[PDB]
């Protein structure tokens, strides 16, 4: 019955399990996870960079729980090859976050419905 609130909750669960950040922290962006902007890939990727500052993971991280740093190491800093940006002279971490958000948003109607 509630098609859109289910899709908003699937995008939130997608960010949580992919980026390894807390459920409470993703849900904090109340203005972002509304019916008009829950699937706005650009706004979500910029919000993730603004709030978690993954560039602070440059030197390695600290082992803090629900930190984006393990995701940043596995997909950017300590990656042998970045998936989606393979054989690329210059890769922007924000573009890698954006590509990840774009897959989350696409797979959201498939997962929530099923």
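Positions refer to the first chain, counted from 1.
The stretch 75-83 shows the higher mean C-alpha B-factor when 43-51 is compared against 75-83 in the entry. Averaged over their C-alpha atoms, the temperature factors of 10-18 and 93-101 are higher for 10-18. Residue-level temperature factors show residue 34 in the highest third of its chain, judged at the C-alpha atom. Among the modelled residues of its chain, residue 70 has a C-alpha B-factor that falls in the lowest third, as given in the PDB entry.
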